[PDB]
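Quick heads-up: it's one chain on its own, the form deposited in one PDB entry, in structure tokens.
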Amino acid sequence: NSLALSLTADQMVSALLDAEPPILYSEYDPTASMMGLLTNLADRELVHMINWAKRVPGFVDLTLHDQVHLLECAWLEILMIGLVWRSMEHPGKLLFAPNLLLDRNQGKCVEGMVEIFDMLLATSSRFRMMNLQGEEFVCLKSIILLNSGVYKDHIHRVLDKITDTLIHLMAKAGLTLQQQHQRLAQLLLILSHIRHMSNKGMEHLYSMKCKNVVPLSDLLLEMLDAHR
């Protein structure tokens, strides 16, 4: 049944690198509603995330509404770890799309996002200091999808394999056994901060949802209403 545990660690990494979504650009010309492009891009990236999740090993090995459950719980976490990953080499800026940067002051047009924005910046600055590698990133993102909504046994055996994968990357990188388990802990503790930002962004969008401007996507509303 479960052919996701027979993967090579090299295969495990190679699958996640090519399953990555395409690159998305903001189709705007700067001059308005800064709350229009983020929600539009978040709307656009949710479609490929649904396509991306199908290519995550072990994801299609379970029930359709279990797949929806994991996606609806982690959809904002996945967008955030991806955003934090892209903004690493851009200190003080959050590359939503290569056409959009928005540093804190420029990003602060919107009320209530002053703190979430600087939580994403510090998370990006945290990945920068650790020099997070892309192969490590795709492993953490898959962990986010599988772990955010489990509370089953099959999901854990894939997660246990991603841990061995992450460890396999660090040992290949020359890190000692102590440096390996220390770096494993540092990365997974960041996921707790990503979850914290995910719950804050859900409440921020909700209060702004029950307002006239500016229209949210049906998919964005659908994924948000899954959190009640």
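Residue indices: 1-based, along the sequence shown. Just so we're on the same page, rigid core means the largest C-alpha set that superposes within 1.5 Å between forms.
Separately, the form solved in complex with a partner chain exists; it is not shown, and the next lines address it.
Residue contact check for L64: one or more of its heavy atoms lie within 4.5 Å of the partner chain in the deposited bound form. The partner chain is not drawn, but in the deposited bound form it has no heavy atom within 4.5 Å of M80. Interface membership of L71, defined by any non-hydrogen atom within 4.5 Å of the partner chain in the deposited bound form, is confirmed.
Taking the partner from elsewhere, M34 is found to have every heavy atom lying beyond 4.5 Å of the partner chain in the deposited bound form.
Large C-alpha shift between this form and the one not shown, rigid core held fixed: of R128, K108, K93, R86, this applies to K108 alone, with a displacement of 2 Å or more.
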